[PDB]
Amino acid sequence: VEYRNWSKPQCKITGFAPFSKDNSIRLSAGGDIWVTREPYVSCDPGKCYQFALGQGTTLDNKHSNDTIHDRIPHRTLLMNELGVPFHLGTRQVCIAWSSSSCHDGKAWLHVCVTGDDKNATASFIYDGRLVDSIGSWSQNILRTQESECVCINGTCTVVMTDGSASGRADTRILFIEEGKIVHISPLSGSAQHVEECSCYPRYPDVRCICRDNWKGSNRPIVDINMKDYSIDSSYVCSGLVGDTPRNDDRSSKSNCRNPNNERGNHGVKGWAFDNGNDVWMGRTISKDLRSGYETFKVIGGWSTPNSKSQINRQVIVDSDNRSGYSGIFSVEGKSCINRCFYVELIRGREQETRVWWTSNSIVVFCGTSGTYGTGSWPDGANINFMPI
């Protein structure tokens, strides 16, 4: 077994093709399925796995009541092969109300945060054993990516934040070797608030597109130098911005450098990736709510401030259906590294009627160099058919 280097060029991308869907909520109405949120996907060299934060209960279960809450002690990281729904045989990998996972070519690293809001613990589990832990540095909800970390040549990197969700916070980039923290770098650059980074290998370095929860509806970028541990940060150049909420395309802005101060407060986890001067990105179709999901390329969207010429739009989830968090993962092919993404399809309380639970399913798409058509792949559950 060799460490992954991800040392191939990025695949040609013309858009995205359907990859996986789990139908979690539909199945929940006729079977014992975990209540989850904050899912993601990560692949070992051979196969892909779906992850999510359980709520310590199945859906058709009185304990599913009031699972809207983000942090309870019973949350655990679930891990199944991609497309295997979270049934009762699912392994709970660690205790976590915030997580990141990645495979270095040899073994899995899991970063699992749990405990009190003001004094959380992050556990670092590698190759099936606890190797390290760190306590809260800002005493205000130590937290991490909710998507895959990235490892190059045996060094894995993960972005963590501690502090205010509505002001200056303390973001740190950890470097981890076989589960052991070997270095911690403070966030540097012009990103002013960084949450829930979606990171990808860009050999020899790592690049993250994140969520600004404070003043930006444009998405921050964090660049991680894997050689010298230096950090840089800015914002996606695209004038078509990626956060929710955001201004309408009529009036939205990004200058590549600063939070745009356009409905900056709050946000949603999302992703983008560069191809030369262009950017491929996803966002909710609604500028207001976590409804619908679309992808497109913005011509000059990586390099030209305020660029707004999009092309190659695809609807993933139509605007009449719920989405949620989304994130990137990378898959090594024969000659190139492909970029894929998942969309969390949130169902239940409070937005929807009848039910007392909050859960999600997932849909997953992967970059293609080929051709494709159109469709919409929403959660598909009928709220009227669900146990409450």
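Numbering starts at 1 and follows the sequence shown.
Judged by mean Cα B factor in the deposited record, 301 to 309 ranks above the other of 97 to 105 and 301 to 309. Relative to one another, 28 to 36 and 328 to 336 have unequal mean CA B-factors, and 328 to 336 is the one with the higher figure. Per the deposited record, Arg129 carries the highest C-alpha B-factor of all listed residues (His74, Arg211, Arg129, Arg283).
Per the PDB entry, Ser251 shows the highest C-alpha temperature factor of the residues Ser251, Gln145, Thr244, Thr114. Annotation for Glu294: C-alpha temperature factor in the lowest third relative to the rest of the modelled chain, per the entry. When the modelled residues of the chain are ordered by C-alpha B-factor, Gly267 sits in the lowest third. When the CA B factors of the chain's modelled residues are split into thirds, the value for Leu82 lands in the lowest one. Sort the modelled residues of the chain by CA B factor and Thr371 lands in the middle third. Looking at the C-alpha B-factors along this chain, the one for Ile316 belongs to the lowest third.
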